[PDB]
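J.: Pasting an experimental structure with its sequence.
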Amino acid sequence: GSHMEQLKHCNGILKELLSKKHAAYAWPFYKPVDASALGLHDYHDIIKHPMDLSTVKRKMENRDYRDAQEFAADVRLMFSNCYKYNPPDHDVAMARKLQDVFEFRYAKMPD
Ligand SMILES: Cc1cc2n3c(c[nH]c(=O)c13)CN(C(=O)c1cccc3ccccc13)c1ccc(CS(C)(=O)=O)cc1-2
């Protein structure tokens, strides 16, 4: 799915993921994780490919994505980073709220 058509759909997803309707659970993913400031010990040992929505937006604005799948890969990388580093009952609950938005809207892509 290399179409612009599909990439436009992904672009609508990103803007919805950055909208104020989801800010309550989404804003921890707006910018890169500041592990050193937040005392996230070993964060960059355990997480070798950081990702966040500011990075996904840059890549989308620079038209660096070749198809929707690369897009999805990055968004799921961001969520996976969160699940891998944190315990199951870490306030991870915000990631699953946002991922439910992303996944349902990704599944609705034309094709
Ligand atoms: C992907 C991600 C983002 C954060 N992460 C944390 C643990 N593991 C993660 O994967 C993770 C630790 N973290 C918190 O625990 C936290 C404390 C106080 C209020 C919160 C409200 C919502 C979510 C987290 C917090 C905070 C704190 C602040 C920032 C924003 S910034 C520019 O300063 O880096 C990011 C995270």
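T.: Yep, that arrived. Residues are numbered from 1 along each chain as shown.

J.: which non-adjacent residue is nearest the most centrally placed residue in the chain?
T.: Centroid check for the chain by Cα atoms, centre = their mean gives residue 75 as the closest residue, at 3.4 Å. Spatial nearest neighbour of residue 75, chain neighbours left out: residue 102 (5.4 Å); criterion: Cβ to Cβ, 6 or more residues apart in numbering. Every C-beta, even on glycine, is put in place using the N, C-alpha and C of the backbone.

J.: Contact partners for that neighbour?
T.: If you count contacts by Cβ atoms under 8 Å, 6 or more residues apart in numbering, residue 102 has them with 13, 17, 75, 79.

J.: sorry, back to before: same for the helix or strand that contains the residue nearest to the centre of the chain, what does it pack against?
T.: Using DSSP states H and E, residue 75 falls within helix 68-85. When contacts are defined as 3 or more Cβ pairs under 8 Å, 6 or more residues apart in numbering; DSSP states H and E, helix 68-85 packs onto helix 4-17, helix 43-46, helix 53-61, helix 93-107.

J.: and the gap between the residue nearest to residue 75 and residue 68?
T.: From residue 102 over to residue 68 the distance is 12 Å, taken as Cβ to Cβ, to the nearest Å.

J.: interface residues of the protein facing the ligand?
T.: By the rule Cβ under 6 Å from any ligand atom, the part of the chain lying against the ligand is 28-29, 31, 33-34, 37-38, 40, 82, 85-86, 91, 94.

J.: Using a markdown table, lay out the residues you listed together with neighbour count.
T.: Putting these into a markdown table (neighbours: other Cβ atoms under 10 Å) gives the following:
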| residue | neighbour count |
| --- | --- |
| 28 | 14 |
| 29 | 26 |
| 31 | 11 |
| 33 | 20 |
| 34 | 9 |
| 37 | 7 |
| 38 | 9 |
| 40 | 15 |
| 82 | 21 |
| 85 | 18 |
| 86 | 14 |
| 91 | 9 |
| 94 | 17 |
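
J.: Would you check which pair of these lies furthest apart?
T.: For the residues of the chain next to the ligand, the farthest-apart pair by Cβ to Cβ is 37 and 94; their separation is 18.7 Å.
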